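Engineer: Structure provided below as structure tokens; questions to follow.
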Amino acid sequence: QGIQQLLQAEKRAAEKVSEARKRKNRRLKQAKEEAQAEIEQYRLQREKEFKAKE
Amino acid sequence: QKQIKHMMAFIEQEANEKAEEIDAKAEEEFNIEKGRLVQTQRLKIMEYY
Amino acid sequence: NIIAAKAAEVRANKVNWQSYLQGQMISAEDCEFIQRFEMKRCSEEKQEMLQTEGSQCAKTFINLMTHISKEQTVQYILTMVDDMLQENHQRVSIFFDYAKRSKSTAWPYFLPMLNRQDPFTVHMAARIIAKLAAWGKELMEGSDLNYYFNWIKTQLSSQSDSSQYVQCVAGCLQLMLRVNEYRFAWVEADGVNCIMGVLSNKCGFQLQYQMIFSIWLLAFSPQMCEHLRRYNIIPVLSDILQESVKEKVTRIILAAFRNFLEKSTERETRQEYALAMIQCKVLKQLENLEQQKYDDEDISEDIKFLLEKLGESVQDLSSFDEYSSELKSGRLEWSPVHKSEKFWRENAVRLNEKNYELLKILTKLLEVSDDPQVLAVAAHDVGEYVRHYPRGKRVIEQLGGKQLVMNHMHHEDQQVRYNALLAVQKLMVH
């Protein structure tokens, strides 16, 4: 029992820290994509302000 | 029994600690990359209109 | 340690919910949910339960913590949510959705459980609060934030059982310090004194890591790095950096030291962190740790970073200013820079610098020090000051510092009496 369940917990531990080396790297790519969705809405808002002034 | 489950929780904690450290050290880089691009483009677009 | 060891019992502490329902202590909705949640076998089957009954889940957990009298049933309920949030951190959003449906912030449903009568209940309540507060879109504020920090500060003040419970308190405090404004609120609670105190109490490597991780998280902000200097934290990290070569402990000190120095946008503060590490002689230990086998780039590259930056302030300290620091710190000794003629022969006049600061230090030490070495060293320092800077005689005579030396001619120590006489010789005899 004991060492087998401990090695399974060690395998889960190794997987959990391996996923931590990936989590924020996916968010760091998506930062480049969220920085397009934010930008088109702002470009549209600034054009609407300009067109209202025109 | 309890000592086995304690060691299992300990070896997963021995990853949880690294995992929190890795999440926290990388947390800033995602925030910087979004903020950098957002400020850069919102300044250009402000001045254009 | 303690929380995992108790949870290994409390996960087996299954409950007769029909008895609490018959006793009217719970609703049929709470009873049915916790029964269905106990029947759903694994984290995916709990995700199906959250997908079908997620608001009723948050309702049930809050109810079964609130309305149950018995501490160990509340700990079982706390253990079940603590594990449910361990399976996926995103699930905190379901409790905030339930709080918003309840026309409330989340915190009033959880903060009352910090008053619970069994220590495991309050620590598990603190884990839930820390998980919500770290991972939520909604954040703690004001009296709620300060109250939970006053609970944390109270548990840190409990100093092996207290120290081993405080591992959970440190983990909860690290979870809090993931959020920026909570760092300022903890510094306003002044709670870094307690972190520094645990590290000053020479705690085990688990607490060394968790407390220095709390300090590393505190050091993420330039405005925090400007302020954190008053806690005297670089010496306790530098002690652990010598006393504890453990891979995690090594890495989190290097991380804390890198954050303090690199986030100091103020050049004076940057120089001061680099120099405080050099007054702790950290750079030599970083070279020892560069030669030691480590498999981690987050050790190796932060060693080389600090070796470069402390590679500036080593040049500042290794001046004659190793004497300046021995005066500033009050570490007067028969050191090589006190003993060597070259220093005085080239620099003795500098005792007048910063509006006579070094003279004022030596005078104060000759006035109020208990240590005959310090007194004799200071008398020797006065002897060489007058020997190598003749106007220094007039300055000691104008400051009246001679009176201390002339009194210490009858000091209880022959080393002091000798150095006092020798200073009187160098003061009055050509």
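For the structure tokens, the naming scheme is as follows: chains receive sequential letters (A, B, ...) according to their order of presentation, residues are indexed from 1 within each chain, and ligands are indexed from 1 in presentation order.
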For a quick test of understanding: name the residues of chain C lying within 6 Å of chain B when counting only C-alpha atoms, and present them as a PyMOL selection string.
Structural biologist: chain C and resi 4-5+8
Engineer: Please write the residues from the selection above to a file, keeping N, CA, C and O atoms, as a PDB file, in the first residue's frame.
Structural biologist:
ATOM      1  N   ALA C   4      -2.871  18.785   6.892  1.00  0.00           N
ATOM      2  CA  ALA C   4      -2.891  17.530   6.138  1.00  0.00           C
ATOM      3  C   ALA C   4      -3.074  16.300   7.048  1.00  0.00           C
ATOM      4  O   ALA C   4      -3.881  15.420   6.754  1.00  0.00           O
ATOM      5  N   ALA C   5      -2.364  16.251   8.180  1.00  0.00           N
ATOM      6  CA  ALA C   5      -2.472  15.156   9.143  1.00  0.00           C
ATOM      7  C   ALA C   5      -3.882  15.048   9.761  1.00  0.00           C
ATOM      8  O   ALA C   5      -4.404  13.942   9.917  1.00  0.00           O
ATOM      9  N   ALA C   8      -6.489  13.938   6.861  1.00  0.00           N
ATOM     10  CA  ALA C   8      -6.450  12.481   6.690  1.00  0.00           C
ATOM     11  C   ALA C   8      -7.398  11.721   7.646  1.00  0.00           C
ATOM     12  O   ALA C   8      -7.882  10.644   7.299  1.00  0.00           O
TER      13      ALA C   8
END
Engineer: Show me, as a ChimeraX atom specification, every residue of chain C with an atom at most 12 Å from chain A, counting only C-alpha atoms.
Structural biologist: /C:86-88
Engineer: Just need the residues of chain B within 6 Å of chain A, counting only C-alpha atoms, so spit them out as a PyMOL selection string.
Structural biologist: chain B and resi 4+8+11-12+15+19+30+33-34+37-38
Engineer: Give me the residues near residue C:153 as a PDB file with N, CA, C and O atoms, in the first residue's frame, where near means some atom within 12 Å (using only C-alpha atoms) and where sequence neighbours in that chain fewer than 2 positions away do not count.
Structural biologist:
ATOM      1  N   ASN C 146      -8.487  43.786   6.888  1.00  0.00           N
ATOM      2  CA  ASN C 146      -7.772  44.060   8.127  1.00  0.00           C
ATOM      3  C   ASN C 146      -8.154  43.071   9.242  1.00  0.00           C
ATOM      4  O   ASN C 146      -7.281  42.657  10.001  1.00  0.00           O
ATOM      5  N   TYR C 147      -9.417  42.648   9.348  1.00  0.00           N
ATOM      6  CA  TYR C 147      -9.841  41.646  10.331  1.00  0.00           C
ATOM      7  C   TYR C 147      -9.193  40.289  10.060  1.00  0.00           C
ATOM      8  O   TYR C 147      -8.620  39.691  10.972  1.00  0.00           O
ATOM      9  N   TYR C 148      -9.211  39.818   8.810  1.00  0.00           N
ATOM     10  CA  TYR C 148      -8.557  38.555   8.485  1.00  0.00           C
ATOM     11  C   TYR C 148      -7.042  38.633   8.724  1.00  0.00           C
ATOM     12  O   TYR C 148      -6.462  37.722   9.312  1.00  0.00           O
ATOM     13  N   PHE C 149      -6.399  39.758   8.393  1.00  0.00           N
ATOM     14  CA  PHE C 149      -4.999  39.950   8.753  1.00  0.00           C
ATOM     15  C   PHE C 149      -4.764  40.008  10.265  1.00  0.00           C
ATOM     16  O   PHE C 149      -3.762  39.479  10.733  1.00  0.00           O
ATOM     17  N   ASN C 150      -5.671  40.568  11.063  1.00  0.00           N
ATOM     18  CA  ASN C 150      -5.550  40.512  12.522  1.00  0.00           C
ATOM     19  C   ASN C 150      -5.682  39.073  13.046  1.00  0.00           C
ATOM     20  O   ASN C 150      -4.963  38.704  13.979  1.00  0.00           O
ATOM     21  N   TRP C 151      -6.519  38.229  12.431  1.00  0.00           N
ATOM     22  CA  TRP C 151      -6.529  36.796  12.735  1.00  0.00           C
ATOM     23  C   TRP C 151      -5.189  36.147  12.365  1.00  0.00           C
ATOM     24  O   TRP C 151      -4.568  35.520  13.221  1.00  0.00           O
ATOM     25  N   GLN C 155      -2.446  34.367  14.885  1.00  0.00           N
ATOM     26  CA  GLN C 155      -1.895  33.017  14.751  1.00  0.00           C
ATOM     27  C   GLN C 155      -0.368  33.009  14.590  1.00  0.00           C
ATOM     28  O   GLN C 155       0.294  32.182  15.212  1.00  0.00           O
ATOM     29  N   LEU C 156       0.229  33.950  13.849  1.00  0.00           N
ATOM     30  CA  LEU C 156       1.693  34.089  13.795  1.00  0.00           C
ATOM     31  C   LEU C 156       2.302  34.387  15.179  1.00  0.00           C
ATOM     32  O   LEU C 156       3.392  33.912  15.490  1.00  0.00           O
ATOM     33  N   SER C 157       1.579  35.119  16.033  1.00  0.00           N
ATOM     34  CA  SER C 157       1.982  35.443  17.411  1.00  0.00           C
ATOM     35  C   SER C 157       1.872  34.265  18.404  1.00  0.00           C
ATOM     36  O   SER C 157       2.168  34.433  19.585  1.00  0.00           O
ATOM     37  N   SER C 158       1.440  33.075  17.961  1.00  0.00           N
ATOM     38  CA  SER C 158       1.216  31.899  18.827  1.00  0.00           C
ATOM     39  C   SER C 158       2.487  31.129  19.251  1.00  0.00           C
ATOM     40  O   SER C 158       2.381  30.184  20.038  1.00  0.00           O
ATOM     41  N   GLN C 159       3.677  31.494  18.748  1.00  0.00           N
ATOM     42  CA  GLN C 159       4.968  30.911  19.167  1.00  0.00           C
ATOM     43  C   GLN C 159       5.326  31.251  20.622  1.00  0.00           C
ATOM     44  O   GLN C 159       5.315  32.442  20.990  1.00  0.00           O
ATOM     45  N   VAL C 166       1.206  27.281  12.093  1.00  0.00           N
ATOM     46  CA  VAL C 166       1.641  28.489  11.377  1.00  0.00           C
ATOM     47  C   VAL C 166       2.136  28.216   9.952  1.00  0.00           C
ATOM     48  O   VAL C 166       2.088  29.118   9.123  1.00  0.00           O
ATOM     49  N   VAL C 169      -0.920  29.005   8.158  1.00  0.00           N
ATOM     50  CA  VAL C 169      -1.074  30.465   8.253  1.00  0.00           C
ATOM     51  C   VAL C 169      -0.181  31.170   7.230  1.00  0.00           C
ATOM     52  O   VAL C 169      -0.632  32.075   6.534  1.00  0.00           O
ATOM     53  N   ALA C 170       1.063  30.715   7.081  1.00  0.00           N
ATOM     54  CA  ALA C 170       1.995  31.197   6.075  1.00  0.00           C
ATOM     55  C   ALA C 170       1.467  30.923   4.657  1.00  0.00           C
ATOM     56  O   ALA C 170       1.374  31.848   3.863  1.00  0.00           O
ATOM     57  N   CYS C 172      -1.703  30.520   3.708  1.00  0.00           N
ATOM     58  CA  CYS C 172      -2.816  31.457   3.579  1.00  0.00           C
ATOM     59  C   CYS C 172      -2.329  32.893   3.364  1.00  0.00           C
ATOM     60  O   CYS C 172      -2.890  33.625   2.556  1.00  0.00           O
ATOM     61  N   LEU C 173      -1.275  33.305   4.063  1.00  0.00           N
ATOM     62  CA  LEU C 173      -0.699  34.631   3.928  1.00  0.00           C
ATOM     63  C   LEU C 173      -0.001  34.801   2.568  1.00  0.00           C
ATOM     64  O   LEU C 173      -0.141  35.839   1.933  1.00  0.00           O
ATOM     65  N   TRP C 186      -1.279  44.547   4.731  1.00  0.00           N
ATOM     66  CA  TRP C 186      -0.449  43.787   5.676  1.00  0.00           C
ATOM     67  C   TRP C 186       0.690  44.626   6.278  1.00  0.00           C
ATOM     68  O   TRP C 186       0.966  44.539   7.474  1.00  0.00           O
ATOM     69  N   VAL C 187       1.317  45.490   5.475  1.00  0.00           N
ATOM     70  CA  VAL C 187       2.303  46.477   5.941  1.00  0.00           C
ATOM     71  C   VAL C 187       1.649  47.556   6.821  1.00  0.00           C
ATOM     72  O   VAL C 187       2.251  48.005   7.792  1.00  0.00           O
ATOM     73  N   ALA C 189      -1.115  46.818   8.721  1.00  0.00           N
ATOM     74  CA  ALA C 189      -1.214  45.971   9.917  1.00  0.00           C
ATOM     75  C   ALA C 189       0.159  45.716  10.586  1.00  0.00           C
ATOM     76  O   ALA C 189       0.239  45.154  11.679  1.00  0.00           O
ATOM     77  N   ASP C 190       1.245  46.127   9.930  1.00  0.00           N
ATOM     78  CA  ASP C 190       2.646  45.971  10.318  1.00  0.00           C
ATOM     79  C   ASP C 190       3.104  44.508  10.495  1.00  0.00           C
ATOM     80  O   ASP C 190       4.051  44.224  11.229  1.00  0.00           O
ATOM     81  N   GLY C 191       2.424  43.561   9.842  1.00  0.00           N
ATOM     82  CA  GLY C 191       2.542  42.124  10.114  1.00  0.00           C
ATOM     83  C   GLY C 191       3.847  41.469   9.649  1.00  0.00           C
ATOM     84  O   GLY C 191       4.183  40.370  10.091  1.00  0.00           O
ATOM     85  N   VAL C 192       4.649  42.149   8.825  1.00  0.00           N
ATOM     86  CA  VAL C 192       5.981  41.666   8.410  1.00  0.00           C
ATOM     87  C   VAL C 192       6.924  41.493   9.610  1.00  0.00           C
ATOM     88  O   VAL C 192       7.775  40.607   9.587  1.00  0.00           O
ATOM     89  N   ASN C 193       6.705  42.232  10.709  1.00  0.00           N
ATOM     90  CA  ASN C 193       7.382  42.000  11.994  1.00  0.00           C
ATOM     91  C   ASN C 193       7.248  40.546  12.470  1.00  0.00           C
ATOM     92  O   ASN C 193       8.217  39.961  12.944  1.00  0.00           O
ATOM     93  N   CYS C 194       6.061  39.951  12.342  1.00  0.00           N
ATOM     94  CA  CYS C 194       5.801  38.574  12.754  1.00  0.00           C
ATOM     95  C   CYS C 194       6.487  37.560  11.823  1.00  0.00           C
ATOM     96  O   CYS C 194       7.078  36.597  12.302  1.00  0.00           O
ATOM     97  N   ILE C 195       6.498  37.812  10.508  1.00  0.00           N
ATOM     98  CA  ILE C 195       7.227  36.991   9.520  1.00  0.00           C
ATOM     99  C   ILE C 195       8.732  36.999   9.832  1.00  0.00           C
ATOM    100  O   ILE C 195       9.376  35.954   9.952  1.00  0.00           O
ATOM    101  N   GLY C 197      10.019  37.817  12.738  1.00  0.00           N
ATOM    102  CA  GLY C 197      10.112  37.158  14.035  1.00  0.00           C
ATOM    103  C   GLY C 197      10.209  35.639  13.919  1.00  0.00           C
ATOM    104  O   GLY C 197      11.101  35.046  14.513  1.00  0.00           O
ATOM    105  N   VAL C 198       9.381  35.002  13.086  1.00  0.00           N
ATOM    106  CA  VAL C 198       9.455  33.552  12.849  1.00  0.00           C
ATOM    107  C   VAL C 198      10.817  33.169  12.270  1.00  0.00           C
ATOM    108  O   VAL C 198      11.457  32.236  12.755  1.00  0.00           O
TER     109      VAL C 198
END
Engineer: So which residues of stretch 104-331 of chain C fall under helix (DSSP H, G or I) by DSSP, listed as an MDAnalysis selection string?
Structural biologist: chainID C and resid 107:109 111:115 119:135 142:156 161:177 180:188 192:200 205:218 222:231 233:243 247:262 267:279 282:291 297:317 321:328
Engineer: Compile the contact shell of residue C:306 as a PyMOL selection string: residues with an atom at most 12 Å away, counting only C-alpha atoms, same-chain residues fewer than 3 positions apart removed.
Structural biologist: chain C and resi 253-262+270+273-275+277-278+281-287+289-290+299-303+309-314
Engineer: Take the residues from that selection and put them in a file with N, CA, C and O atoms, as a compact mmCIF listing (two decimals), in the first residue's frame.
Structural biologist:
# COMPACT_ATOMS: atom_id res chain seq x y z
N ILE C 253 14.91 32.79 -1.33
CA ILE C 253 15.78 33.89 -0.90
C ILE C 253 16.31 34.64 -2.12
O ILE C 253 16.20 35.86 -2.17
N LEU C 254 16.83 33.93 -3.13
CA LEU C 254 17.31 34.56 -4.36
C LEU C 254 16.19 35.35 -5.04
O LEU C 254 16.42 36.46 -5.52
N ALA C 255 14.97 34.82 -5.04
CA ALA C 255 13.79 35.49 -5.55
C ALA C 255 13.45 36.75 -4.73
O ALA C 255 13.25 37.82 -5.31
N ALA C 256 13.42 36.67 -3.40
CA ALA C 256 13.17 37.81 -2.51
C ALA C 256 14.23 38.90 -2.68
O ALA C 256 13.89 40.06 -2.89
N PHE C 257 15.51 38.54 -2.65
CA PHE C 257 16.64 39.45 -2.85
C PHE C 257 16.61 40.10 -4.24
O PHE C 257 16.79 41.31 -4.35
N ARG C 258 16.34 39.33 -5.31
CA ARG C 258 16.16 39.88 -6.65
C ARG C 258 14.99 40.86 -6.69
O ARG C 258 15.18 41.97 -7.17
N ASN C 259 13.82 40.51 -6.16
CA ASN C 259 12.68 41.43 -6.11
C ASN C 259 13.00 42.73 -5.35
O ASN C 259 12.78 43.81 -5.89
N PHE C 260 13.59 42.67 -4.15
CA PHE C 260 13.98 43.87 -3.40
C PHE C 260 14.88 44.82 -4.21
O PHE C 260 14.60 46.01 -4.31
N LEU C 261 15.95 44.28 -4.79
CA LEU C 261 16.92 45.07 -5.55
C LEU C 261 16.34 45.54 -6.89
O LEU C 261 16.30 46.73 -7.17
N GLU C 262 15.83 44.62 -7.72
CA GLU C 262 15.36 44.90 -9.08
C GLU C 262 14.10 45.79 -9.13
O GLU C 262 14.01 46.67 -9.98
N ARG C 270 17.82 50.83 -4.25
CA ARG C 270 18.53 49.79 -5.01
C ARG C 270 19.94 49.57 -4.46
O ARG C 270 20.31 48.45 -4.12
N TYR C 273 19.66 48.05 -0.82
CA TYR C 273 19.45 46.60 -0.81
C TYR C 273 20.70 45.83 -1.25
O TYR C 273 21.10 44.88 -0.58
N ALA C 274 21.36 46.27 -2.32
CA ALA C 274 22.63 45.68 -2.75
C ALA C 274 23.70 45.77 -1.64
O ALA C 274 24.47 44.84 -1.43
N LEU C 275 23.78 46.90 -0.94
CA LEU C 275 24.75 47.15 0.11
C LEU C 275 24.40 46.41 1.40
O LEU C 275 25.30 45.83 1.98
N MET C 277 22.81 43.52 1.60
CA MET C 277 23.27 42.17 1.25
C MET C 277 24.79 42.03 1.34
O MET C 277 25.29 41.04 1.85
N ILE C 278 25.55 43.04 0.92
CA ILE C 278 27.01 43.06 1.06
C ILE C 278 27.50 43.27 2.50
O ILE C 278 28.50 42.68 2.88
N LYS C 281 27.45 40.10 3.65
CA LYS C 281 28.41 39.38 2.78
C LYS C 281 27.79 38.26 1.93
O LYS C 281 28.44 37.27 1.59
N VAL C 282 26.54 38.47 1.50
CA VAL C 282 25.73 37.55 0.68
C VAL C 282 26.45 37.11 -0.59
O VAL C 282 26.40 35.94 -0.94
N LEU C 283 27.18 38.01 -1.26
CA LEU C 283 27.89 37.72 -2.51
C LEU C 283 28.86 36.53 -2.40
O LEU C 283 28.85 35.65 -3.26
N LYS C 284 29.61 36.41 -1.30
CA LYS C 284 30.48 35.24 -1.07
C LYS C 284 29.67 33.95 -0.96
O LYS C 284 30.03 32.93 -1.53
N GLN C 285 28.53 34.00 -0.26
CA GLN C 285 27.64 32.85 -0.17
C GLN C 285 26.97 32.53 -1.51
O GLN C 285 26.84 31.37 -1.85
N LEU C 286 26.63 33.53 -2.32
CA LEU C 286 26.17 33.32 -3.69
C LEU C 286 27.24 32.65 -4.55
O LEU C 286 26.90 31.78 -5.34
N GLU C 287 28.52 32.97 -4.38
CA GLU C 287 29.60 32.21 -5.04
C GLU C 287 29.69 30.77 -4.51
O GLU C 287 29.86 29.84 -5.29
N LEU C 289 27.14 29.06 -3.43
CA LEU C 289 25.94 28.48 -4.02
C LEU C 289 26.05 28.33 -5.55
O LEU C 289 25.45 27.43 -6.11
N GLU C 290 26.86 29.15 -6.23
CA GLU C 290 27.21 28.98 -7.64
C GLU C 290 28.06 27.71 -7.85
O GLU C 290 27.87 26.99 -8.83
N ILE C 299 17.34 29.17 -9.74
CA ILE C 299 18.45 29.37 -8.79
C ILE C 299 19.64 30.01 -9.53
O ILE C 299 20.06 31.11 -9.19
N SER C 300 20.15 29.35 -10.57
CA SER C 300 21.39 29.72 -11.27
C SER C 300 21.41 31.16 -11.81
O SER C 300 22.38 31.90 -11.62
N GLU C 301 20.34 31.58 -12.48
CA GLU C 301 20.31 32.88 -13.14
C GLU C 301 20.06 34.03 -12.15
O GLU C 301 20.58 35.13 -12.35
N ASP C 302 19.35 33.78 -11.05
CA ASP C 302 19.17 34.76 -9.98
C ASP C 302 20.39 34.86 -9.05
O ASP C 302 20.70 35.96 -8.59
N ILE C 303 21.17 33.78 -8.86
CA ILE C 303 22.53 33.85 -8.28
C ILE C 303 23.38 34.82 -9.10
O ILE C 303 23.91 35.79 -8.56
N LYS C 309 24.95 42.57 -9.29
CA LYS C 309 24.49 43.80 -8.60
C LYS C 309 25.18 44.03 -7.26
O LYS C 309 25.64 45.13 -6.97
N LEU C 310 25.34 42.99 -6.45
CA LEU C 310 26.16 43.03 -5.25
C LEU C 310 27.64 43.19 -5.63
O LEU C 310 28.43 43.75 -4.88
N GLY C 311 28.01 42.78 -6.85
CA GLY C 311 29.30 43.09 -7.47
C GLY C 311 29.54 44.59 -7.68
O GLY C 311 30.68 45.00 -7.88
N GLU C 312 28.51 45.44 -7.58
CA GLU C 312 28.67 46.89 -7.42
C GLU C 312 28.99 47.23 -5.96
O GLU C 312 30.05 47.78 -5.65
N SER C 313 28.09 46.90 -5.03
CA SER C 313 28.16 47.37 -3.64
C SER C 313 29.29 46.73 -2.84
O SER C 313 29.72 47.30 -1.83
N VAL C 314 29.86 45.60 -3.28
CA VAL C 314 31.11 45.06 -2.72
C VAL C 314 32.27 46.04 -2.86
O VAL C 314 33.11 46.12 -1.98
Engineer: Please measure the separation of atom CA of residue C:358 and atom CA of residue C:327, giving the value in Å to one decimal.
Structural biologist: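 Atom-to-atom, atom CA of residue C:358 to atom CA of residue C:327, that is 6.8 Å.
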Engineer: Just how far from atom CA of residue C:171 is atom CA of residue C:234, in Å to one decimal?
Structural biologist: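 That distance, rounded to one decimal, is 21.2 Å.
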